[PDB]
């Protein structure tokens, strides 16, 4: 039977079959040490007297699982047979231990494995709350809100975006509370199904995403000037948001920070206006990076027409957009999550490209 590297612990003393790629080799003639890695990890394989193939060759190994604390995973497989399923023809450009090949590395592939877990958690939590996954070619998600009331979508925008839109809400506060629970689930999934990846990258886990600190774009805009000393301009900047991250981390010991009530001039014309110049919008800051942006939208046709004008743009151009809102579109809102940014900041990776398969 084929056994994965992670389950070898339960097969000590038995003969098992491995399938994977030759991570590296140390040819000492009579005895030869191989490191085989499959999707679950790496294992030392001991053989001898063979004509060894090059690194990255696909192999099948049959052998005895033997205890050995010095070896990776405290295990070792003494090969009775080694079959090369697909020999590599050239030495790897770089010592894996050129994406098409370097992505095979454990640390290089790990962020993508964690991302898949986060997205799985994303869909599970929402499915359990009766959301319906949709597939579109902002308007489409609103139209679908009138069809399924609660919908979400996972698609590129180039970065992976996890969009959520729900109707029959009281205010933007419903969205924030939803995202908090959503995030908790996402992280839980990664922790349970991608634990090894998380530990391998040695990423330090964030603070629990519950009762996340709220902060008005006005209150935060001054904290930057009156307490931090950064020339905060028109709208928060990358550095401006980064400074707020540190602030919150020290103040409440939270890796997360909700920036609420943005100036109408900063948010689109569809953002539900507030009567104080603000809007029912919000941005989520995770360890200094904006990983979310959303808020309640405008559902009344009349209200849409007015705000469009207040933004110097001809309403005749938005006729095809205004249509649906002439059919009792219920109060609703939504937000989107930058999948890669979340993954990046969660795992303490250099840049966002490390959470993308082929940047």
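Residue numbers count along the first chain shown, from 1.
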property: Continuity check for residue 157 and residue 158, given as deposited residues lacking coordinates between them; result: 10 or more
property: Deposited but uncoordinated residues in the residue 253/residue 254 interval; result: none
property: Stretch with the higher entry mean CA B-factor, where the candidates are 229 to 237 and 179 to 187; result: 229 to 237
property: 238 to 246 versus 124 to 132 - which carries the larger mean C-alpha B factor in the record; result: 238 to 246
property: Deposited CA B-factor, highest of 87, 111, 167, 277; result: 277
property: Residue with highest C-alpha B-factor in the PDB entry, from 118, 77, 198, 224; result: 224
property: Third of the chain's Cα B-factor distribution that residue 304 belongs to, per the entry; result: highest
property: Residue 332, C-alpha B-factor rank within chain (lowest, middle or highest third); result: middle
property: Modelled-residue ranking by C-alpha temperature factor, third containing residue 97; result: highest
property: Third of the chain's Cα B-factor distribution that residue 220 belongs to, per the entry; result: highest
property: Residue 353, C-alpha B-factor rank within chain (lowest, middle or highest third); result: highest
